[PDB]
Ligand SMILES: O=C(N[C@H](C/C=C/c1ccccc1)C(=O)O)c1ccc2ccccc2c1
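Quick setup: one chain, the form solved without the named molecule, written in structure tokens, and binding and motion questions come after.
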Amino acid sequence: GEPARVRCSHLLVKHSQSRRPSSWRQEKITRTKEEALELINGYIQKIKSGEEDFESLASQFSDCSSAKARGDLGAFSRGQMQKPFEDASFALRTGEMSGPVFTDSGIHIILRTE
């Protein structure tokens, strides 16, 4: 099933090779794939471990404006976010997480809420 809109959460972690290593959180990102995935991966582990939550994590590590809702960008409609986002998001099950997604901004991890 794939409706016209769904709720999902994501964690943005730009890198040094990002199209624009700068966001509302910082203006000089020099974190490479190592430091990049190192953050996302670490976040994934804690969550799957039951120690931390993507919501709490994302916020404290959300380089994007998503940090406001701790990553949760509410319910959106197809054609709003990057293609890879919608697909992975709309392809994940209830309470699922998408692996490291490399996009213009950097590496993003999404999850299906609705």
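Residue indices: 1-based, along the sequence shown.
Separately, the form deposited with the named molecule bound exists; it is not shown, and the next lines address it.
**Q** Looking at 56, 82, 41, 32 here, can you tell me which has any non-hydrogen atom within 4.5 angstroms of the named molecule in the entry with it bound?
**A** Checked against the cut-off, the match is 82.
**Q** Considering non-hydrogen atoms and a 4.5 Å limit, does the named molecule approach residue 65 in the entry with it bound?
**A** Judged by the heavy-atom cut-off of 4.5 Å, residue 65 is in contact with the named molecule in the entry with it bound.
**Q** Would you please decide whether residue 72 lies within 4.5 angstroms of the named molecule in the entry with it bound, comparing each non-hydrogen atom pair?
**A** Contact check for residue 72: yes, within 4.5 Å of the named molecule in the entry with it bound.
**Q** For residue 97, is any heavy atom within 4.5 Å of the named molecule in the entry with it bound, or not?
**A** Contact with the named molecule, no.
**Q** Would residue 16 show up as a contact with the named molecule in the entry with it bound if we use heavy atoms at 4.5 Å?
**A** Residue 16 lies outside the contact set for the named molecule.
**Q** Run the contact test on 12, 20 and 105 with a 4.5 Å heavy atom cut-off to the named molecule in the entry with it bound and return yes or no.
**A** The answer is yes: all three residues contact the partner (heavy atom, 4.5 Å cut-off).
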